[PDB]
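Just one chain is shown here, as structure tokens, and it is the form deposited in one PDB entry.
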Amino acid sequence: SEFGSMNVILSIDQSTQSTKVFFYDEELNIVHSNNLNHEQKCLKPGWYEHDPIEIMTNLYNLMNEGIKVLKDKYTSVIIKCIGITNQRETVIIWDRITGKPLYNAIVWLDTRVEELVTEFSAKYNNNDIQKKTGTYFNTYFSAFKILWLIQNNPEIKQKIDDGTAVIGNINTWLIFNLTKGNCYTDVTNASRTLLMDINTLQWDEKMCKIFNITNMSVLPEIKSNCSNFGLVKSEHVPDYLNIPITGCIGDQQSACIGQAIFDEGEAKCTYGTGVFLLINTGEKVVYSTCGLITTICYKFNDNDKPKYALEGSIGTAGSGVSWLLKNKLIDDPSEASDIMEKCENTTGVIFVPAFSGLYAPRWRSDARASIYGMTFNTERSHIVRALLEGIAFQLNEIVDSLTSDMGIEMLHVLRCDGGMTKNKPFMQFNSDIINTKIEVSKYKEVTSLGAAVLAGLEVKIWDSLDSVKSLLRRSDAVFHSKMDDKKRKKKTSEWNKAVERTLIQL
């Protein structure tokens, strides 16, 4: 119909929970979006799988309905290019010629490989693994899952050996189906497999040896984030025939592009159910001394030195707000904002909210949630505030660890997203204790945003990264530290003591 010309960028965000499509214009407004859940298959405990075909069929459905919606509004709809971003680590093995999965996707959240990680960790110098791949052995990354498949599945062992299978992360799987055969990954995804030399950006021989990948040609070419990943040829999305796929990045790194985290000492934190952090380390490979992850932030082109990052997680810290709600200590999450406005301090109350142990730098799985310093005067308010403060303290320990390893004194910025960022009193406390400028982005959808940006740069939609930079840096709330260093030292040491009581062996 009637409304004229419309040039768009398709950004696909294939998430854990669902599949999203965003149609961006070249000013980076969302002209249209939709999404579709897929089933989160948890068979026995610790298992977590996806139907790779369900995901693909959801994707086609979304692509086809989006373009009809756009074409029913505008006169000349042009989809210029396609950006792909995705749940990392999650792995599929399939048949190179029919494209049938030889098994479901095994999601990053899956832990059936826990016993193997223990075994292989007892046998190998985890220190040499960290130098090679940027991380110790773990249950999240793809390799131990690829291994489990090789060990409990004769067909997968055999078609890996004969060279007629493909081992792919979700991006590879998306691009292979859309282009009817192309076998690619990018640097950021490749870095989440346990198979890639973190220094040379190549599939690693010794790592594959460790993991029984006997034939290295089943692994897709590692491309850079901007690159030609092929043309759409699928007959499932007829309107998209011959449209170029031109950006590809893992979700967490995509959100760094959406948050314009481009230079060293620039960092982004998500405060959702999970609370985790990425610090851009410039062109320097920094290895952590406290067990945090060395990753690839991005590499735009083949000529570029890649930019590196450091990664840290405090698990599902935002679920401590759900736990206050279960125990009636608040009635609505919004009440947490209210409480931290009214309540200036906790009157000496400290909450070490280690419900699942303490993560980096301490690494203590045996730590539990502990509240200290209460009197008859203590109220829901004080306990709720302490919990929230306990989240900030954990986060500060990670920042103080990563910044110590990087040889810097302070973060340039911490760009923040997720639902806890609606709490401004809480944002302010994080700024105080960490000693950092905190900016909350203008955009919710920083993850799809980064893939659109990458895809648009590759086809030269904008004339330079600087053109997009100032668009991307728009903040919606800004925070500077209002706490003196003497008071920071005093509080974080009261925290340290409370963590000591929590951990001392008796």
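Here the rigid core means the biggest group of C-alpha atoms that line up within 1.5 Å when the two forms are laid on top of each other. So that there is no doubt, residue numbering starts at 1 and follows the sequence shown.
Note that the form deposited in another entry isn't included here; everything after this is about it.
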### Query
Considering only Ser319, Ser224, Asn280, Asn138, which residue exhibits a C-alpha shift of no less than 2 Å between this form and the one not shown, with the rigid core used for superposition?
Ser319
### Query
Taking the rigid core as the reference frame, is the Cα of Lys491 displaced by 2 Å or more between this form and the one not shown?
yes
### Task
Align on the rigid core first; then say whether the Cα of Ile438 has moved by at least 2 Å between this form and the one not shown.
yes
### Query
After the core is overlaid between this form and the one not shown, has the C-alpha of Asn377 moved by 2 angstroms or more?
yes
### Task
Looking in that other deposited form, decide if the C-alpha atoms of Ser365 and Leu195 are closer or farther than in the form shown; they differ by 3 Å or more.
closer
